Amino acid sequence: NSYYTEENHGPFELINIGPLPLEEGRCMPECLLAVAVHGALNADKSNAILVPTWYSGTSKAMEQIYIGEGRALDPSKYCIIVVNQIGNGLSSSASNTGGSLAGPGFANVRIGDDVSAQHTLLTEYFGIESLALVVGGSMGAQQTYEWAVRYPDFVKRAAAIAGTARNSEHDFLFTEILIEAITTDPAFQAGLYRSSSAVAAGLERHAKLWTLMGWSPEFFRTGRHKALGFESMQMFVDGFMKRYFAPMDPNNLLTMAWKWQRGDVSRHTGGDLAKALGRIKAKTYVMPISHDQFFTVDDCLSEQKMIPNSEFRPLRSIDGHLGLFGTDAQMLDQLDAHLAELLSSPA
């Protein structure tokens, strides 16, 4: 109630896209998307770039790290549109919706529902017929693939950073343990808690589990956490990891976790992944992180070989998956060089 505000996540505007029928059967009476727009559209509206948010992240995280005038995502050249996930606290979520969708009563939202909402937003409010580039990380990458598969003609270029088209079984288990880290807390009360802080024990265990998988063994072996200003592992868990998840809402995290678990573009073909990825007509750069523990390089390489006219351009960083937070300046330089080449490539 105090963390998901405009004082720490602004600027963004709320847009009502209307009723949204979800894949799981339930129908949201009204769906609100928190949107952050940087840069202006040109005459024919051909310089639009779509940027989805990742797990537990907002539009503020993306703009502070990747969006800038000296960056590949240049607002002086492109109209970068950052859409917050449904269930991340800023958009329509369990923490801000009333009625029978309040708290644990919030419906099961899938990746396809996010893209469906974003497609309505771009057409009914912006009047955009095509996207120059769709770029996202982790869960944002899952939405990137869904976009490129569901609306192949709509997407000119695609950039998936540290994310897969179909969520693996090993990654599924990881998220399941992440969920149980919270639901094992008696203070959770099946989502009927009166304070996200009350569920501190679940959130702290949630943070420690991310410490184990979010980075890499080489990250802590070389003392990278010490170079960030933390004298030890114990202090890194508290001062960085626990600090991050503490003011967040358990229900929202479970909402995004459920969606993360079932990220799969092959549902549009009935499980056939190769047939689904073959539908992609956009110029796609598959960019996994070298030391990612659950979104491994071999996973993404396996999927890239199914995408026509794509390129496998992995990022080198020992910071692992959570290198997306901009802890590695060198990794960002690699990303800028890749995206610039992508945006320079014809469509």
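Don't overthink the numbering: it's just position in the shown sequence, from 1.
Of the two stretches examined, 266-274 and 237-245, the record assigns the greater average C-alpha temperature factor to 266-274.
For the two regions 293-301 and 22-30, the entry's Cα B-factors average higher over 22-30. Ranking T144, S130, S232, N251 by Cα temperature factor from the entry places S232 first. When the C-alpha B-factors of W215, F188, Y151, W258 are read from the PDB record, the largest value belongs to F188.
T211 sits in the lowest third of its chain by CA B factor, as recorded in the PDB entry. Ranked by C-alpha B-factor against the other modelled residues of its chain, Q118 falls in the middle third.
When the modelled residues of the chain are ordered by their C-alpha B factor, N47 lands in the lowest third.
Sort the modelled residues of the chain by CA B factor and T284 lands in the middle third. When the modelled residues of the chain are ordered by C-alpha B-factor, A198 sits in the highest third.
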